[PDB]
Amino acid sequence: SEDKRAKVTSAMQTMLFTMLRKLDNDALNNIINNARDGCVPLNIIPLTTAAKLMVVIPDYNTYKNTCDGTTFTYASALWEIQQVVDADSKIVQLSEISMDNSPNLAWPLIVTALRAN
């Protein structure tokens, strides 16, 4: 039943997201969608502003979609960006992230933020 445990896991996961999609919650729907595009949490999404959010940004297109100024839009909520680092774990300024300069950046980027609402 080694292969059977896999089928069960697969079946359970299909039902899981089907149930989630039925709930039709904006926050859940957002993180699911982002995850489908490769935009995923590095760590558990913080319950309180004490803990910090860390999210993987695969490409500039995702960044442009989810980031405006210092504001990061995720889980149908706003987040104040604390820091951004590249795939080399080197600090990246927000002003460095642009259409022109993105090929020189090391992707993916990791955004650190606190809940703004």
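Residue numbers run from 1 along the displayed sequence.
- Here 89-97 and 14-22 are compared by their mean Cα B-factor, and 89-97 comes out higher.
- For the two regions 56-64 and 43-51, the entry's Cα B-factors average higher over 43-51.
- In the deposited entry, the Cα temperature factor of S76 sits in the top third of values across the chain's modelled residues.
- Among all modelled residues in its chain, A6 ranks in the middle third by Cα B-factor.
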